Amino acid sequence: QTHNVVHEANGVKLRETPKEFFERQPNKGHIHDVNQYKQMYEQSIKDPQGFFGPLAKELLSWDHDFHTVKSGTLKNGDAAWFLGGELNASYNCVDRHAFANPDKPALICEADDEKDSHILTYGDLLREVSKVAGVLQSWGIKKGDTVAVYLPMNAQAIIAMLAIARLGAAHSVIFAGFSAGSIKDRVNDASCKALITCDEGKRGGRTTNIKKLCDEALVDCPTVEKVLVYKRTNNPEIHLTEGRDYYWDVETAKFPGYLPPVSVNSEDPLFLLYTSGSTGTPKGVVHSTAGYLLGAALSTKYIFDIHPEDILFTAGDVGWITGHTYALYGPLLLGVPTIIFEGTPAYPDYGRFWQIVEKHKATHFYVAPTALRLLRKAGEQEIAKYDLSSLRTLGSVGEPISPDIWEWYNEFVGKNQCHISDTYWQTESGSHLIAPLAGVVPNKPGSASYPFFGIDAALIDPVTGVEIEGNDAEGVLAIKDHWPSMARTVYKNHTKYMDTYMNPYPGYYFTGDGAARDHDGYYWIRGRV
């Protein structure tokens, strides 16, 4: 009953999902109980072919069928999924839903100031993505190119990512807060042929110099032929360099509201996302197309319990993986609306998140514990002003969630009527690795619980390098086989990838984190090592 190693697990009562979760659920859940989850999970570990093939055919639309579900090993860094298949990410995120229901909302955009907020339908999104992709195509962007994005969290960032993917090019999103030198490093490592940005940004009421930093960086980025500049503030004193910089509205007005998507192979790169590592300069994590999209759709459907009637609010930023997988690809693949918030949880007041959740009857909310701490400190009383009865799944990501913060989140935001998903994962995993499925897995505050489909998690003794048998254990967290959404390389530097992830413990994927596993199989993340 007691734990000698996993001290966090002693005297922790399981927390079943509240009845109101199932009352607010629009349809029968996707999994009935934990026993069915464990059957499906064991099948996903022992027979990835027969588990993931059918799901890949169910959740994604293919332009060419695949012939092999899974190939490669971790030790050889040659992982591949759905080999021979062809598809397009923008077709799966936009076109098919637009044909099905063009007036269904897609991007619920909340601007830094609410007066500028708007809503794009899937039909709208198809037209705007097509026009921007037509601009990029006229400029010579084609499959195999990279295109940089330097935009805030708003419709233009989503449209730019989808338009780049529509051509089979790989987008490289650069968080709008980066310095000119960070922009330069990333652009040059990726050899981007084009950049998409805006003139200025609005954050918490303040105006941010965006094009200015781009211009500073581009003096050292010779590969950038053309820049597309959105008029976010329309400030006339913002310089565009003749022959390089063009306005978003002016160029998109020249092209039609439909452009054919370009088919890419399952293993063609979908994007580069640059991350800081423990050794040296930024490294470009490369994600494939089919595997990443399947992981995004699968984790969004099963871990958050997303249905067609639902509305996801991922309070993240597309500059990071969270916005990639769960503000954009995850929800759009499933054809539900997603809320794109440009501002901050404090402007105009600390009720912004909640005013938004009420306004759009959001059903899912996904945020990092940092924001939870900020709102507990400075804006608790605001929560009661707004109706949050539409929610049933509350997500937490990025860092450990202390039991204190977990209980506060559960009571004040969830009104003790929602399910909480502590999702553990990382930029290189593509999608959730360990997380409690909504309406299925009972919670232990501070614990991410069970590994997800295709994630064969294990603990390794660092001193010896040997895998640790049995529960009530602690050690380095690692995965014993690759999974569909695993990152495939570091751009033009596969040796760094091998040394970072595959070579510390040959045969395993090294997460860089230490964790504990208790007598129930629940995992407790203990941070970086």
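Numbering starts at 1 and follows the sequence shown.
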| property | result |
| --- | --- |
| 15-23 versus 507-515 - greater average Cα B-factor per the deposited record | 15-23 |
| Mean C-alpha B-factor comparison - 387-395 and 265-273, higher one | 387-395 |
| Peak C-alpha temperature factor (PDB record), options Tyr91, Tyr150, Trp248, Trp354 | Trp354 |
| Candidate set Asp78, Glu411, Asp189, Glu428 [ranked by C-alpha B-factor, highest] | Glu411 |
| Record-listed C-alpha B factor of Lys283: chain third | highest |
| Relative C-alpha B-factor of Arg96, binned into the chain's lowest, middle or highest third | lowest |
| Chain third (lowest, middle, highest) by recorded CA B-factor, residue given as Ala478 | middle |
| B-factor third for the C-alpha atom of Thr464 within its chain | highest |
| Chain third (lowest, middle, highest) by recorded CA B-factor, residue given as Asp499 | middle |
